[PDB]
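A single chain, nothing else alongside it, follows as structure tokens in the form deposited in one PDB entry.
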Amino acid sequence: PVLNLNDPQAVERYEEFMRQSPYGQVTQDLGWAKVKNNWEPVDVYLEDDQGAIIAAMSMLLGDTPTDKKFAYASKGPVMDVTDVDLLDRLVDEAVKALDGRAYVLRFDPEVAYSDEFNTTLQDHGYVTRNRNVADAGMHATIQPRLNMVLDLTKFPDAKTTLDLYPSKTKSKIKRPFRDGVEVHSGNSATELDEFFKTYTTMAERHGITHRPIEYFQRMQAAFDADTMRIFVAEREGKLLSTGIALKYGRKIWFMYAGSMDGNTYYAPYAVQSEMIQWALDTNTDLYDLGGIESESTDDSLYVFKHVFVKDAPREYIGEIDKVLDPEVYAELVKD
């Protein structure tokens, strides 16, 4: 069925399925639509013989240069996507709800890539975009397929961040704290302002754009302090670096960062260490440091994140496209 957002009871049922599913994704929670307030929300789900929700998909529709809409379910749907027959059923419900307004329904679940899975998907009619498309550009996948994920379940006895790493890394993580770096966290407006100054400063230094503060304010309004948390690193009165992490389902996700110019005393490591501590304190299975464009020492993002993730990057199946309008699809989507 399609979710009626004007019905509190139905919304709460939908939310409880999302929050409690081991496949839950924050970008699939209904709060996400509030963040992307410029997109149109359309949500659907499936029920079992008992009438209990067993699968869900939160879509967001965006405009294009054509008369068709772009339907996107960021990191969805919420279910075991390898159970393709069930996925087909969920997608059929999604397609019905789209009522022919979109040229495609794209979803990029965080499930490992494999030739076998890629083939099954293609056999069921879906168009997949992974090892077959450009690494970057506007033809590249929206989300990175390579992500540095720290699997905390490999260290059941771990009490603090340090217990997760070799001595060489313990030293790197200790350095900022030894040099006076202190980190406080929460989800207050003051902390948001703190994050925003470092976020935009970082943006300017790199000559890149940045999202407006209202984006993060909507995020702060949508998720409580047990879901959204801002970490701020300071040294003797000076603001050094910050980071935003979201806790949902089986993982804490490092989504945004900021750092002032000049001497930052390795504050970014301190921020990471505390986000990891939060994952440990809450018994979270995974700490997702985000994507990388290449597992190479020529990539500064890979370098940094490799400090905290020694395992190889997880490679996801990529974008799964249910083509609805083939002509427009070909015009707006290429490899």
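Counting begins at 1, following the sequence as shown.
Keep in mind the form deposited with a partner chain bound is missing from the figure; the text below concerns it.
Its partner chain in the deposited bound form is not approached by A158, whose heavy atoms all lie more than 4.5 angstroms from it. Its partner chain is not shown here, but in the deposited bound form it comes within 4.5 Å of a heavy atom of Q143.
For the chain shown alone, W253 is a contact residue for its partner chain in the deposited bound form, at least one non-hydrogen atom being within 4.5 angstroms. Heavy atoms of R131 never reach within 4.5 Å of its partner chain in the deposited bound form, leaving it off the interface. Note on the partner interface in the deposited bound form: the residue among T120, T209, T153, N263 having a heavy atom within 4.5 angstroms of its partner chain is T209. Put simply, of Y113, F177, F196, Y215 only one has a heavy atom within 4.5 Å of its partner chain in the deposited bound form, and it is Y215. You can rule out all but one of 29 to 37, 277 to 285, 263 to 271, 52 to 60: in the deposited bound form, only 29 to 37 has residues with a heavy atom within 4.5 Å of its partner chain.
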